[PDB]
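Please read the structure below before turning to the comments.
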Amino acid sequence: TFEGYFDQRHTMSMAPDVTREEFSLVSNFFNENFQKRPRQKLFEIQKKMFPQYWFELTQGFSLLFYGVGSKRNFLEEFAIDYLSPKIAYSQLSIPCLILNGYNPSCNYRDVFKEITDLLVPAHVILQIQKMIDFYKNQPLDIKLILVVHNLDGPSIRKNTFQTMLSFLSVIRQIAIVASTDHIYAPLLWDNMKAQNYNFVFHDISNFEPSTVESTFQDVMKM
Amino acid sequence: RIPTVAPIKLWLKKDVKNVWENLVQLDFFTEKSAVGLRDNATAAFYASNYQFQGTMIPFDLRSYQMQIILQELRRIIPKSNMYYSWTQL
Amino acid sequence: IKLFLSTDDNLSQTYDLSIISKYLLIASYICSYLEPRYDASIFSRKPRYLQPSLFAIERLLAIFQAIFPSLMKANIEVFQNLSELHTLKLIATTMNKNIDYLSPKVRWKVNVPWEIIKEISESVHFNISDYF
Amino acid sequence: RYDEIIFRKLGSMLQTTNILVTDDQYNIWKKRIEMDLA
Amino acid sequence: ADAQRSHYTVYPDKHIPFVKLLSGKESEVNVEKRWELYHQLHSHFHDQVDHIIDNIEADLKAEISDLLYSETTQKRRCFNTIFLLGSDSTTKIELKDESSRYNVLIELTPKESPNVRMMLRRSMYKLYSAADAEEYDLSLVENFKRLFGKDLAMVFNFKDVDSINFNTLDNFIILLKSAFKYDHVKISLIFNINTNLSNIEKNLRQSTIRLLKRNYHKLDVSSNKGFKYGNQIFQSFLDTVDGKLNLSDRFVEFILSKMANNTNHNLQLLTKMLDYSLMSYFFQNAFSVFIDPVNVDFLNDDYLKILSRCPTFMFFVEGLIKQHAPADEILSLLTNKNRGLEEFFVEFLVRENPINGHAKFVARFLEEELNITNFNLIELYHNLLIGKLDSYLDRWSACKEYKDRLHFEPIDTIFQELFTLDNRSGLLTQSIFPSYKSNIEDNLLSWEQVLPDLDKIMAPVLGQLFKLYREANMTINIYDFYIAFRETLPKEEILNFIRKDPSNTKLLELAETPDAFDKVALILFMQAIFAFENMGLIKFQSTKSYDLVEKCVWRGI
């Protein structure tokens, strides 16, 4: 309850020091061994929602995946094995763009270069406006699939990057899938951003270890 | 302090804003930590770059200090002024 | 006479807000002007002229939950209204460059004066005047 | 039951909606009425 | 590896997203017909929705053009001001391509306005760039007529006024005031205001407000205006139904509950709810195939099971029993012989509901005859559905003359439940208005609701640590937290599970150490704390010491 908030000389050196290499070993062993079968069974059961996810994406509802545990592998498996091939074999090979929000070294201009190359026939918002005006006359067929891991990523958290991603979802011929880990993630988006994003919210918590994301921050600083 | 009736406008808080602006233009007031005019162009460039707290906080909550003390007020303000009696505490 | 009685220099229900937004603003004004000492004293069952102080997100959420009319809890709509408040320049932050709300060093403060929150409370029928 | 709980938590359209009477309840009602019907 | 890169592009019978119902007994033809019917109704709805949106945008653009080019013969050269209340950065304006006068749109984002110098430099840069396609200071404005032979008209679009430094804006306005000395320059100002004129009156100096106010216009372009367009959208949703589907009281109540939570962008949310409800109905209910009464011939015993489980049917059978109907009818319906209730169902499918026609009649009567427009059509439909229409009509005093005409009696037709939309399972809330915080907290505390030989005993470390986090104080000495977490662990079972692996030499090498348990506990604790930092649960006091942490969330709020 809320009353639990109102009703509320040792050092870390007293604990035995663990090196980074020693840190990796136990982490890997307990990630691979412990809770293997039940989590794999949960993943296999969760795969049953692939037709629903496909239908939602074709209707234009963006997918936001949240909950405790890593969501990179789930999105990779979905987008690679189910979404992209079926779109090609039912519309008649669809390119898929993967953005790593867990990397602080990203740049929005670099991603926009790939977007322009993949979408625009031969001041980012000015070009996005031209894309929107162009794709109005284009048929309502999915041409590019966009996957954005960690919409709460360090550089991704910034308002400009969120604005750039928000104007992307106006075009129906673009499929957007995003994931978040922060509990206060909805604080980032206002009504205008929510309207442009068109997320349908799905909790996909799986207690999957964040092995990849742990590489960009040093545990030795703790 | 006025006899009543047998059967001095308190100006609105919005109209006072012009008077408040005039009293800051004419250098009676100053900001709490107003550095003022910079000595050289290099420091002036940084001063024009950095935005202080006083440029963001609301109009009615900007702290000011006074350049004229009430003693000088009573010395200068004519005794015939209708607020002369309030020059002291 | 009516032309002279008013300056008419003004550029012209003053702020259309959802109930969640109104209660969030009410709680934020309490946070920005009430000492952290009195939170447990007043809200747990166990100043008009100074500049507002900063407050954390958890204090705002706790006071909002305590004053919202069984728990309301925090859904996506609550945080969406909170972000709308910031976008509307009703709540200020402690940052000016590269806005990132999730950075753990950013605090919040109220930009709405007393004369507006008074009428908001009147429209809500919430008696703030008895909390000070 | 486990599958229905995770379907409800996941917000899946595969989970049935409790607007109509459940199959088991109506089956029990039909069997109990029919057992004394003849 | 590609995982370390910021971003990268990956390249890889005919499927229909609808899944078989009746445990797979549904035929391909039935699935195809359901898919086609869904597409038909969905496209018919969008043909109205997109038309309404286009009409709204065209009307807004026409009004903007009228305001911009509403030429007024003012003797004094002054700015032209347009205040777009409740507007956003998404809107756009196209100017006239006049012959004698050149018109340029100038966008001014807050990032482009850190100081007056940068503002003027960028403004002149864009002004020069625009004139470069005809065939950085105010001297450019002075020399424009000699450089390009044409008059200059500038339209300034302040894209987001609230975030702009108002002192810098005031100085910039005073700077632009100097341009009136030129005989060939005209300036127009566009203000994207989110809330009201109050913020501008508070922040700008009262001298600049007088400069703006001499020639200004005020226009409310918000998406919500007296239910004018929401009522039309809802009526179009009723129309595209054609009486093939009905609305329940609970569904309309849910819609009304969620609409009031957003004040500026209600139309998109309403469209979201309607489209998702239509999708759910066409995905979940098998009887949607029988929307066309031609498809009734495809009935089967499994469909008779659904028909029998209709509440109306359930009480109709008991009514036959209690009214002493012949037992032959009861035996026939139990044994599903002679199926005359299928003929009754055909009649039901043919029977048009008078609710839609009466609602349209009442709406048009209010709009034209009673001349009442300040009403929500959703509330009117809800009161019609509950049957409390008289109370809703009593809101307006002019209804007394026509209360008899406007009165409507609801009818609970048999088998109507199979063709109604309602919120009964909570699916429409878990995905459209989730309790994002509460769901995560519950999963941390109630992991048994997610997860289906140490795996059988110990819960995932994150939830067990969240237990202590809920038990934890506001500020924590991290060493004590690690001690408690270590104490909660099953030390001997963990050691045995570690020793289970015979070939992982590096694991046994640490297992030989007496401090193995402490090190393993510390590694797990640090990984969990890093995850908490990613999730926003913990905040360090690193400036003083990394050894103390602060909680960032509490349960139940």
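Between A:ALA178, A:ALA194, the distinction of being outside any strand (DSSP E or B), at negative phi, buried (at least 21 other Cβ atoms within 10 Å of the Cβ) and not charged (D, E, K, R) belongs to A:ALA194 only. Within the stretch A:6-19, the set of residues being within 21 Å of E:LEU462 (Cα to Cα) and not in a loop (DSSP other than H, G, I, E, B) comprises A:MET12 only.
The set of residues from the stretch A:107-139 being among the polar types (S, T, N, Q) and not in a helix (DSSP H, G or I) comprises A:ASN107, A:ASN137, A:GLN138. Among the residues examined, E:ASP239 qualifies as charged (D, E, K, R), under 23 Å from E:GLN48 (Cβ atoms) and over 15 Å from the mean Cα position of the chain (by Cα).
Residues that are more than 8 Å from chain E (Cβ to nearest Cβ) and either within 13 Å of the chain's Cα centre (by Cα) or outside any loop (DSSP other than H, G, I, E, B) (or both) were ranked within the stretch A:200-220; the one that is farthest from C:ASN75 (Cα to Cα) is A:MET220. Taking the stretch A:139-165 as the range and being among the small types (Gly, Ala, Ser) and surrounded by fewer than 22 Cβ atoms within 10 Å (Cβ to Cβ) as the test, only A:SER155 passes. Considering E:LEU548, E:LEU522, E:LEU508, E:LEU495, the condition of being more than 7 Å from chain A (Cβ to nearest Cβ), buried (at least 16 other Cβ atoms within 10 Å of the Cβ) and either part of a strand (DSSP E or B) or at negative phi (or both) is satisfied by E:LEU548 alone.
From the list E:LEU60, E:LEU85, E:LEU41, the lone residue that is under 22 Å from the mean Cα position of the chain (by Cα) and within 25 Å of E:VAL221 (Cβ to Cβ) is E:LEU85. The set of residues in the stretch D:9-24 being surrounded by 13 or more Cβ atoms within 10 Å (Cβ to Cβ) and either of a type in the set (A, V, I, L, M, F, W, C) or facing another protein chain (nearest Cβ under 7 Å) (or both) consists of D:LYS9, D:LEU10, D:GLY11, D:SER12, D:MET13, D:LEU14, D:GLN15, D:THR17, D:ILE19, D:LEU20, D:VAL21. Of the candidates E:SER70, E:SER129, E:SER89, the single residue that is among the polar types (S, T, N, Q) and part of a helix (DSSP H, G or I) is E:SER129. Taken over the stretch E:140-155, the criterion of being surrounded by fewer than 17 Cβ atoms within 10 Å (Cβ to Cβ) and acidic (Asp, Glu) is satisfied by E:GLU142 alone.
Just one of the listed residues (A:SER93, A:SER27, A:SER105, A:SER62) is of a type in the set (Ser, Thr, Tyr) and either crowded, with 20+ Cβ neighbours inside 10 Å or more than 9 Å from chain E (Cβ to nearest Cβ) (or both), namely A:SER62. Scanning the stretch B:37-64 for residues that are in contact with a strand residue (DSSP E or B) (Cβ under 8 Å, 6 or more places away or on another chain) and either hydroxyl-bearing (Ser, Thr, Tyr) or more than 30 Å from E:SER113 (Cα to Cα) (or both) turns up B:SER63, B:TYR64. The lone criterion from (1) touching a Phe, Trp or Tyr at 6+ places or on another chain (Cβ under 8 Å); (2) within 14 Å of chain A (Cβ to nearest Cβ); (3) of a type in the set (D, E, K, R) left unmet by E:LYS96 is number (2). Of all the criteria given as (1) within 30 Å of B:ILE8 (Cβ to Cβ); (2) surrounded by 13 or more Cβ atoms within 10 Å (Cβ to Cβ), the one not satisfied by B:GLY54 is (1).
Among the candidates A:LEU97, A:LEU146, the residue that is touching a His at 6+ places or on another chain (Cβ under 8 Å) and in a strand (DSSP E or B) is uniquely A:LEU97. Between A:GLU32, A:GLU22, the distinction of being more than 7 Å from chain E (Cβ to nearest Cβ), of a type in the set (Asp, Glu) and assigned to a helix (DSSP H, G or I) belongs to A:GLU32 only. Would you be able to say whether some residue in the stretch E:236-257 is more than 30 Å from E:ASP292 (Cβ to Cβ), out of contact with any strand residue (DSSP E or B) (no Cβ under 9 Å at 6 or more places or on another chain) and at the interface with another protein chain (Cβ under 9 Å from one of its Cβ atoms)? Checked against the condition, which is being more than 30 Å from E:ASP292 (Cβ to Cβ), out of contact with any strand residue (DSSP E or B) (no Cβ under 9 Å at 6 or more places or on another chain) and at the interface with another protein chain (Cβ under 9 Å from one of its Cβ atoms), the stretch E:236-257 yields no hits at all. Out of the residues in the stretch C:60-74 that are over 14 Å from C:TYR29 (Cα atoms) and more than 8 Å from chain A (Cβ to nearest Cβ), which is surrounded by the fewest Cβ atoms within 10 Å (Cβ to Cβ)? Restricting to residues being over 14 Å from C:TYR29 (Cα atoms) and more than 8 Å from chain A (Cβ to nearest Cβ), the top hit is C:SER70.
Which numbered condition in (1) closer than 27 Å to E:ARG555 by Cβ; (2) facing chain A (nearest Cβ under 8 Å) is the only one that C:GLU35 fails? Condition (2) is where C:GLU35 drops out.
Residue-by-condition table, conditions (1) surrounded by 18 or more Cβ atoms within 10 Å (Cβ to Cβ); (2) closer than 22 Å to E:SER65 by Cα; (3) away from chain C (no Cβ under 14 Å):
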site: E:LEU138; (1), (2), (3): no, no, yes
site: E:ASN157; (1), (2), (3): yes, yes, yes
site: E:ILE164; (1), (2), (3): yes, no, no
site: E:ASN171; (1), (2), (3): no, no, yes
site: E:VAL185; (1), (2), (3): yes, yes, yes
site: E:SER207; (1), (2), (3): no, no, no
site: E:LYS218; (1), (2), (3): no, yes, no
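Only a single item in (1) more than 10 Å from every other protein chain (Cβ to nearest Cβ); (2) closer than 29 Å to E:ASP13 by Cα; (3) under 17 Å from the mean Cα position of the chain (by Cα); (4) not in a helix (DSSP H, G or I) is not met by A:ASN73, and it is number (4).
Only one entry of E:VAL10, E:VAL31, E:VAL19 meets the criterion of being surrounded by 14 or more Cβ atoms within 10 Å (Cβ to Cβ) and closer than 30 Å to A:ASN107 by Cα, and that entry is E:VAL10. The requirement of being closer than 30 Å to A:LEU75 by Cβ, under 30 Å from the mean Cα position of the chain (by Cα) and facing chain A (nearest Cβ under 9 Å) is fulfilled nowhere in the stretch E:25-37; no residue meets it.
When the residues of the stretch B:57-83 are filtered to those that are over 18 Å from the mean Cα position of the chain (by Cα) and within 23 Å of B:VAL16 (Cα to Cα), the one that is surrounded by the most Cβ atoms within 10 Å (Cβ to Cβ) is B:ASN81. Listed by position, the helices (runs of 4 or more DSSP H) contained in the stretch E:300-354 that have at least 2 residues being within 14 Å of chain D (Cβ to nearest Cβ) are E:301-308, E:311-322, E:327-334.
To keep it simple, each residue is scored yes or no on (1) of a type in the set (A, V, I, L, M); (2) surrounded by 15 or more Cβ atoms within 10 Å (Cβ to Cβ); (3) not in a loop (DSSP other than H, G, I, E, B).
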position: C:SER41; (1), (2), (3): no, no, yes
position: C:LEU50; (1), (2), (3): yes, no, no
position: C:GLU58; (1), (2), (3): no, yes, yes
position: C:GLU77; (1), (2), (3): no, yes, yes
position: C:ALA92; (1), (2), (3): yes, yes, yes
position: C:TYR101; (1), (2), (3): no, yes, no
position: C:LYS105; (1), (2), (3): no, no, no
position: C:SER123; (1), (2), (3): no, no, yes
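Backbone-built Cβ (ideal geometry, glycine too); neighbour counts: all protein chains shown. Bear in mind these aren't lab numbers, they're just calculated from the coordinates by the rules spelled out.
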